[PDB]
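Chemist: My questions will all concern the structure given below.
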Amino acid sequence: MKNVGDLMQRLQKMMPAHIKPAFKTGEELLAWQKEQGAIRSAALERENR
Amino acid sequence: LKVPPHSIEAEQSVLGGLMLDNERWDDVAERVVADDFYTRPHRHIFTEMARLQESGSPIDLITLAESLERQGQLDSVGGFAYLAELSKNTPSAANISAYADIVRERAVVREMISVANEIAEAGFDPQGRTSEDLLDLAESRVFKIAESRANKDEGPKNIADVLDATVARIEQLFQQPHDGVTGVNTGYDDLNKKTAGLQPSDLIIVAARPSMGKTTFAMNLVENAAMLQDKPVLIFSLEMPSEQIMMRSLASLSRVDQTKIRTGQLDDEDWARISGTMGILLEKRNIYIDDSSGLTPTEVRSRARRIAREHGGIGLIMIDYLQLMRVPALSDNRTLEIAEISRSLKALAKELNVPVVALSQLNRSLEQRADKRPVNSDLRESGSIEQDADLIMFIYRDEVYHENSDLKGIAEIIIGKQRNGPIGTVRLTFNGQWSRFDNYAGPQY
Amino acid sequence: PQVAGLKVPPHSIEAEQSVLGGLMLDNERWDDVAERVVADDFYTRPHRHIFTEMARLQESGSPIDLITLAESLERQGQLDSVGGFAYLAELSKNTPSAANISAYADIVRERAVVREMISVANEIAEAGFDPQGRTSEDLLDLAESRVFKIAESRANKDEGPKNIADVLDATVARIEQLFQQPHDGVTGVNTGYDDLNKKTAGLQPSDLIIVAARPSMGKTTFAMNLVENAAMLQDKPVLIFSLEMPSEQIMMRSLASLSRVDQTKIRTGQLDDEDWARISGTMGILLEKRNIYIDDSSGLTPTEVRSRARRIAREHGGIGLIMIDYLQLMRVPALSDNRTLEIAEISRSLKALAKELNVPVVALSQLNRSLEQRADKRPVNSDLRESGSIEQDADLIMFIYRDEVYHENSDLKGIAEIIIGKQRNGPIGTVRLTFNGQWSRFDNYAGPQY
Amino acid sequence: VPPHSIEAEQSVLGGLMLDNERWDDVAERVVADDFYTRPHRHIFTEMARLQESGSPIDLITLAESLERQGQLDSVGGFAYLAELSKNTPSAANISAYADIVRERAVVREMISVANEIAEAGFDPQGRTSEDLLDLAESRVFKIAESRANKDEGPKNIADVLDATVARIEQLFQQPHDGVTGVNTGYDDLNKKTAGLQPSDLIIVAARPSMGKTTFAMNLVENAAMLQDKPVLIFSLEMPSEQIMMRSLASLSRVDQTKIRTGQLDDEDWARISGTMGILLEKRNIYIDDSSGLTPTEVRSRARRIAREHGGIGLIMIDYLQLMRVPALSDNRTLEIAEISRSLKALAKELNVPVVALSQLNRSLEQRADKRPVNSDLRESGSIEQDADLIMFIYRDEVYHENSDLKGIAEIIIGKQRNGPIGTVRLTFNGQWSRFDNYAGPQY
Ligand SMILES: Nc1ncnc2c1ncn2[C@@H]1O[C@H](COP(=O)(O)OP(=O)(O)O)[C@@H](O)[C@H]1O
Ligand SMILES: Nc1ncnc2c1ncn2[C@@H]1O[C@H](COP(=O)(O)OP(=O)(O)O)[C@@H](O)[C@H]1O
Ligand SMILES: Nc1ncnc2c1ncn2[C@@H]1O[C@H](COP(=O)(O)OP(=O)(O)O)[C@@H](O)[C@H]1O
Ligand SMILES: [Mg+2]
Ligand SMILES: [Mg+2]
Ligand SMILES: [Mg+2]
């Protein structure tokens with residue numbers, strides 16, 4: 001019904017441009033997730049104590 | 001003479017026409033899908049073409065072979081020499097999209113044949129099965145084709161064909177204000193939020209001890225959602241017949257107590273309301289009613305499919321006092337009966353892409369606790385509906401148990417389980433002499 | 001050989017003979033079979049038409065055996081044409097037990113579905129290969145309607161889901177028919193207790209009333225008074241299931257109550273002329289009417305109750321009241337290991353009955369003796385422990401308290417109050433009635449407010 | 001006469017020439033040497049060889065590909081080959097015909113062998129008996145060897161051992177990375193597990209609100225981007241249009257709520273576009289929003305995927321109770337046993353893991369500890385005996401609201417076939433349905 005590039009351009013109407021992900025791939029994203037999770041764990045521990 | 005019909009010629013014509021024309025691809029993409037073709041190499045070709053028209057758009061002959069190399073599939077689908085002929089042919093200009101139209105048509109046909117074959121199979125091989133669980137198979141498997149502009153029958157699906165529908169669900173919103181709702185509107189602004197609106201695939205349970213207004217509540221919901229929409233609804237009633245139902249719903253609307261209806265002591269200013277709510281129920285013809293005695297879930301599904309066959313996929317259902325629902329097959333034991341029910345209901349809600357409201361009851365062992373705010377353990381039906389469900393909204397109208405309370409004219413909701421969101425607690429009022437809840441623009445909570 | 005025995009559509013023929021052999025041999029079962037089988041569920045045309053007659057007569061002309069059937073079958077010109085009389089005799093000759101029918105009608109429905117699905121699959125496939133230049137839109141709606149016609153062949157014509165407008169027409173016609181005549185506050189059945197109709201609007205016609213109490217409050221008397229009154233206040237039947245005690249006591253009590261004389265002047269014989277006058281009057285008023293019907297049974301099930309009631313409904317008129325007494329005796333044996341589920345079953349089934357006929361159902365009960373250790377003793381919704389399903393199904397509950405049992409110093413003598421404890425349409429309240437039980441009847445109480 | 005059927009023959013060949021799904025359901029039962037005649041044997045050979053790669057075998061693909069081997073007007077040719085397509089529209093039961101074909105074929109073969117035994121018995125031709133009977137043995141055992149389902153049988157120690165040395169060989173030079181199979185990212189969890197082993201039943205099970213469907217989505221969501229190899233999801237609990245919103249939200253670290261409303265900022269839209277486009281150049285995942293299943297149906301879909309391309313690497317079934325095989329729905333324990341055995345079969349078959357979610361019975365509420373164990377699930381331990389791993393969940397802050405453990409989900413491993421028991425701590429944040437590691441104090 002609608003394919004990838006057209007799907008992406010379709011969703012792009014909802015946003016402004018110059019919004020790029022700057023992620024480009026997967027393992028980098030997982031690294032970023034690891035970092036954010038370990039950030040959060042600390043404040044979580046604070047609130048517990 | 002008797003063949004599954006495929007147009008291999010026109011298919012390849014489409015392919016080679018897309019090769020030397022990377023522009024006229026979205027228009028074709030409105031019609032053709034990878035599952036729509038017949039052999040495998042054409043599918044590999046098409047899906048790679050689409051994956052590349054995402055990023056690498058100018059592609060005629062060779063970039064496809066390069067990408068096909070980058071995952072290492074050369075010679076698995078013919079090869080470069082094979083592709084040369086696919087390139088040379090189809091010099092067409094005028095007619096491409098008609099070929100796509102007819103090929104999609106052929107796929108619908110082929111699908112119908114395969115389904116008919118599965119039906120006959122399960123006929124010869126019932127596999128320890130009743131007729132009731134067999135007609136339903138057949139009916140559902142046909143109706144799933146009759147519906148569904150896209151999204152062919154049972155079986156898994158790739159991702160892009162799902163992201164289409166999901167981005168459509170997101171994009172339908174921004175054509176209008178968000179309104180808080182992502183589903184159906186209840187008419188209660190206190191409740192749209194913590195529910196995010198009734199999501200239209202889910203089983204709901206509206207449980208309470210007997211005299212708390214749960215039936216009145218669900219009647220109010222289906223009522224309001226009759227007039228914030230233009231679709232059908234149903235009212236199954238294992239508890240009382242169409243007359244009391246009509247009176248109560250009518251009076252919930254026109255705001256005159258039932259005592260001034262069945263009697264006839266009513267005034268002009270009341271008839272003023274009645275004529276209007278009447279003429280506004282008649283000029284829509286949404287509601288349908290089912291005043292049965294003893295139902296099975298099979299019958300429920302049957303009636304639903306017919307009413308959806310008439311016009312539109314329906315938008316809301318109500319079922320009354322679920323503990324009366326029987327199937328004689330498992331009359332020996334009751335727990336598995338409840339389980340099979342809840343299964344059927346959930347699959348229905350997921351079939352027609354609708355919500356369901358299925359009332360219930362609670363075992364009274366919450367009497368002797370002296371707090372009496374219900375929670376998700378007092379209901380004792382194996383917990384087989386503490387699991388299947390998606391939204392559970394108990395009720396506690398305090399001025400039934402206590403008498404001299406400051407909490408009169410109130411019936412607060414309690415939410416126990418939400419599959420897609422949080423829980424909470426909500427406040428509403430009750431004036432049972434004409435049977436309708438109302439919002440509570442009151443203190444903090 | 002057997003390979004060519006696979007292309008045959010599945011069928012049974014011995015069951016098909018045996019069913020009709022039993023029905024022609026016995027008419028008591030037509031309910032069950034017609035609740036499992038339809039004309040087309042058979043294989044061929046003769047047995048189909050036979051079943052057609054064996055249902056269409058029992059609509060109105062009940063008897064259907066061998067010759068009372070043929071005497072109708074002839075008038076449509078079908079003797080010696082659907083097998084004929086000589087062959088038809090075979091069905092009545094063999095299998096003379098009528099030992100099992102229901103099983104021999106399940107499998108027919110099974111094979112019938114299994115066959116009417118396959119005859120559809122082939123007829124879809126052949127057209128899917130012979131498209132006739134059709135188009136999908138003109139090709140799939142036929143398949144929809146085809147598959148759905150299967151289930152439509154079974155469904156009774158008047159049990160489906162109604163539209164709003166027809167229901168609404170019924171409602172406005174009801175209100176119209178009311179305004180053609182006085183209202184009295186009543187919306188159905190009357191009782192005789194004007195104090196009661198206001199909080200109740202009469203006994204409504206599609207409900208499950210309950211009347212619970214301790215042993216000696218007198219619930220039984222109250223239910224008898226209700227049916228007794230609704231006899232003379234109607235031109236329509238009633239029933240009673242006196243599972244407690246048999247007819248020869250019930251009618252003494254009822255007669256006596258109607259005539260304001262104590263029982264102990266009847267079975268003794270020390271009575272006046274005024275007495276016998278008031279006796280003969282109520283007698284000759286009961287017997288010129290022929291409303292009531294009684295059943296001094298012993299132990300029962302809802303499955304038999306429905307049959308005994310529907311026999312009455314199909315014989316003549318539609319009933320308008322029922323009473324059931326001391327519910328606990330109603331056995332449903334599969335559950336007798338337990339009791340909670342038993343009561344749930346009974347309540348469920350009686351509700352379904354009453355709605356299947358659009359009539360009221362009085363039904364009595366008992367209360368567990370927990371309240372005694374409270375020193376208030378006015379019963380409430382929490383002291384009846386019978387699964388508490390009766391606390392859910394019922395559209396009405398009306399307990400009974402009467403101080404002059406517990407206490408004896410009473411300022412409240414000869415007075416029985418009615419503690420309503422639930423309602424599905426009206427509101428709750430409390431009623432104050434008087435008791436004079438040497439002839440077993442309750443009465444109104446024109447008195448102070450409460 | 002030798003017994004041999006001809007109606008079953010024509011029907012089978014026409015049906016496979018009509019419905020190209022059935023090649024599995026036939027070929028499981030039937031062998032090319034079962035037909036009494038040779039042309040149809042050629043035809044069946046062609047069918048199997050094409051369905052190896054080319055699915056469409058009806059008339060025209062079959063005729064045109066068979067043309068190249070120069071075999072027309074030799075099996076009855078075009079018009080007879082079409083006469084197959086003339087009759088038999090419904091393909092009523094391809095299965096039973098295909099059963100009796102094999103039946104009579106085996107009977108005929110064995111009777112032939114017996115006849116040859118007798119004739120060589122009365123006609124020795126300078127033969128011993130001891131050196132003879134090896135031919136009787138081998139002649140009789142040739143039957144099933146003509147049937148052998150693609151070279152399955154009792155392997156020898158050297159082949160097995162070389163498979164193992166090949167494992168260590170491929171594994172050693174590349175970085176050890178801890179993993180011994182499939183990954184999850186949780187570097188605290190890979191230690192007690194060493195990876196979801198490639199051929200194992202895994203089960204996940206905790207009470208409703210403890211959020212386990214989330215955990216399974218997390219596993220597939222990670223293992224996709226760590227691989228370039230497929231997965232599956234069977235959502236018997238909710239349709240895809242919620243699944244993808246949830247998973248997208250999990251990756252992009254933004255709540256479900258803002259999406260379905262739309263009050264989110266460019267900081268979020270960037271992460272959305274990233275995870276979107278990064279899924280949409282891989283096409284790993286495959287979803288099914290079905291409702292009612294049988295394990296056979298499941299096997300069919302899965303094998304379809306694996307035959308279309310390559311081999312899968314994961315499965316995630318959801319809310320296993322709804323999986324029926326209706327023959328036994330009068331009973332429960334036998335039912336669950338059947339699903340367990342069937343999934344184990346599938347799993348060992350394709351050399352895949354399985355992740356089959358479950359539920360627990362509420363009895364544990366009456367225990368005052370509420371840390372589940374192997375007993376609280378009451379299915380005669382049918383899945384318990386069958387697992388190759390189990391790991392429960394327990395999020396404290398449901399029950400004891402005042403507890404000093406907020407968004408701290410532990411993972412109680414209650415059975416493990418290869419490794420030992422253990423315990424893990426993890427953190428739950430249901431705003432976007434995702435677990436994270438716990439770089440905090442001990443456990
Ligand atoms: N938007 C949200 N905000 C807060 N909590 C949420 C939200 N969405 C989901 N949750 C929580 O996540 C949990 C996930 O439950 P789920 O994954 O369905 O497990 P199960 O399938 O066993 O019910 C829910 O119990 C819910 O409390
Ligand atoms: N006309 C009325 N006057 C006063 N109260 C009423 C009236 N109609 C209904 N109610 C009250 O509203 C409540 C609604 O109960 P109901 O809707 O029957 O819930 P359920 O079906 O679960 O019993 C009743 O408990 C009753 O007291
Ligand atoms: N002939 C009588 N004379 C005096 N009192 C009577 C007579 N018959 C009954 N009673 C009183 O009236 C009550 C009748 O109620 P009853 O029929 O016993 O109700 P239940 O069936 O609930 O026991 C008796 O319990 C008794 O106290
Ligand atoms: Mg109700
Ligand atoms: Mg009595
Ligand atoms: Mg789940």
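Residue numbers start at 1 in each chain; chains themselves are named A, B, ... in the order of the structure tokens; ligands are numbered from 1 in the order shown.
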Show me which bits of chain D are within 8 Å of chain C, counting only C-alpha atoms, as a list in words.

Modeler: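 The complete set of qualifying residues is residues 7, 8, 89, 90, 92 and 97 of chain D.
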
Chemist: Counting only C-alpha atoms and all ligand atoms, what are the residues, protein, DNA or RNA alike, that approach ligand 1 to within 8 Å? I want them as a PyMOL selection string.

Modeler: (chain B and resi 387+390+417-423) or (chain D and resi 205-215+237+255-257+319+359+429-433)

Chemist: Near segment 364-381 of chain D, counting only C-alpha atoms, which residues have an atom at most 10 Å away, once you skip same-chain residues fewer than 6 positions from it, shown as a list in words?

Modeler: residues 377 of chain B; 205, 206, 207, 332, 333, 334, 335, 336, 337, 358, 387, 390, 391, 392, 393, 394, 395, 396, 399, 410, 412, 413, 414 and 415 of chain D

Chemist: With distances taken over only C-alpha atoms, which residue among B:396, B:99, B:174, B:143 lies nearest chain D?

Modeler: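 Ranked by minimum distance to chain D, first place goes to B:174.
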
Chemist: List all protein, DNA and RNA residues that have an atom no more than 10 Å from any atom of ligand 2, counting only C-alpha atoms and all ligand atoms, and report them as a VMD selection string.

Modeler: (chain B and resid 206 to 219 239 to 240 248 251 256 to 261 320 to 321 359 to 361 400 430 to 436) or (chain C and resid 199 to 200 391 to 396 421 to 428)

Chemist: Would you list which chain D residues are within 8 Å of chain B using only C-alpha atoms, as an MDAnalysis selection string?

Modeler: chainID D and resid 18:19 54:56 58:59 82 85:86 90:93 208:209 237:241 244:245 257 259:262 280:281 283 285:292 301 308 322 326:328 330 361:362 431

Chemist: Taking only C-alpha atoms into account, which residues of chain B are within 6 Å of chain A, as a PyMOL selection string?

Modeler: chain B and resi 29-31+54

Chemist: Run DSSP on the backbone and grab whatever in segment 104-151 of chain D lands in helix (DSSP H, G or I); send it over as a PyMOL selection string.

Modeler: chain D and resi 104-121+130-145

Chemist: Neighbouring residues of residue 42 of chain A were defined as those with any atom within 12 Å, considering only C-alpha atoms; residues of the same chain fewer than 2 positions away were excluded. Please report them as a ChimeraX atom specification.

Modeler: /A:35-40,44-49 /D:427,437-441

Chemist: Please give me, as a PyMOL selection string, the residues lying within 7 Å of ligand 3 when counting only C-alpha atoms and all ligand atoms.

Modeler: chain C and resi 213-221+262-264+437-440

Chemist: Report as JSON lines: every residue of segment 20-114 of chain C with an atom at most 10 Å from segment 303-319 of chain C, its closest pair of atoms, and their distance in Å to one decimal, counting only C-alpha atoms, with rows sorted by chain and ascending residue number.

Modeler:
```
{"residue": "C:28", "atom": "CA", "partner": "C:307", "partner_atom": "CA", "distance": 9.8}
{"residue": "C:31", "atom": "CA", "partner": "C:307", "partner_atom": "CA", "distance": 8.9}
{"residue": "C:59", "atom": "CA", "partner": "C:314", "partner_atom": "CA", "distance": 8.8}
{"residue": "C:60", "atom": "CA", "partner": "C:314", "partner_atom": "CA", "distance": 8.8}
{"residue": "C:62", "atom": "CA", "partner": "C:315", "partner_atom": "CA", "distance": 9.6}
```

Chemist: May I have the selected residues written with C-alpha atoms, as a PDB file, in the first residue's frame?

Modeler:
```pdb
ATOM      1  CA  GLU C  28     -42.572 -37.035  24.844  1.00  0.00           C
ATOM      2  CA  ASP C  31     -38.673 -30.926  22.448  1.00  0.00           C
ATOM      3  CA  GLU C  59     -47.201 -27.344  16.723  1.00  0.00           C
ATOM      4  CA  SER C  60     -51.001 -27.688  17.074  1.00  0.00           C
ATOM      5  CA  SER C  62     -50.051 -33.045  19.306  1.00  0.00           C
TER       6      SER C  62
END
```
